[PDB]
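Tertiary structure, described
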Amino acid sequence: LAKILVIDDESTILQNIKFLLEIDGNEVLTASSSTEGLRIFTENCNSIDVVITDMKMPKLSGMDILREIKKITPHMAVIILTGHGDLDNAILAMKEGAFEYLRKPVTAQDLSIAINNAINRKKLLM
């Protein structure tokens, strides 16, 4: 099954998203901090298929997280969940190599579609 890494500093949100993604048929790894996220990613950069992160995180933002992932795995699909005031950065992220950004509130359908498209892209690159 696809393996997804989800990064959010809000435990309950992280839990809700994990639940939804498991129901959607994904294996899910979670990180409650940007450093933990990049750590887990580095240790599994060859088995992770998609990374989902909130645009805003303490210390390192989704932008910083995105940039670091791209340096390690240039073709890794990174999806950013965006809220108020993140629009400008979201657009920049797309120019920075992000796969897609989803404006909150994000629906289960939005996420499942984006993940499916990310997996298809990975397969095209094999």
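Residues numbered from 1 in each chain as written, not as in the entry; some residues may be left out. Heavy atoms only, no water.

1. Things to note about the sheet that holds strand β4 (residues 77-82)
If you trace the 5 strands from one edge of the open sheet to the other, you get β2-β1-β3-β4-β5, paired in parallel fashion. The strands lining the two open edges of the sheet, one partner per strand, are β2 (27-31) and β5 (100-103). Each neighbouring strand pair of the sheet contributes to a mean axis angle of 20 degrees, computed without reference to strand direction. Pairing analysis gives 5 bridges linking strand β1 (residues 3-7) to β2, with the strands arranged parallel. Considered in β2, the bridge of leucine 5 is made with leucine 29. Running over the sheet, helix α1 (residues 11-23) touches β1, β2, β3 (50-54) and β4 and is turned about 170 degrees from β2. Relative to the sheet, helix α2 (residues 34-43) contacts β1, β2 and β3, its axis offset from that of β2 by approximately 140 degrees. (Pairing = 2+ DSSP bridges. Helix = DSSP H or I, 4+ residues; strand = E, 2+ residues; numbered from the N terminus. Axes fitted to C-alpha atoms, helices over the stretch in contact; angles between N-to-C directions. Contact = heavy atoms within 4.5 Å.)

2. A word on the UniProt feature "domain: Response regulatory" (unreviewed entry) in the chain
Under the feature "domain: Response regulatory" (unreviewed entry), the UniProt entry names residues 3-119. Structurally, residues 3-119 comprises 47% helix and 21% strand, and the distance from its first C-alpha atom to its last is 10 Å. (UniProt positions renumbered as here; feature names shortened; annotations may be inferred.)

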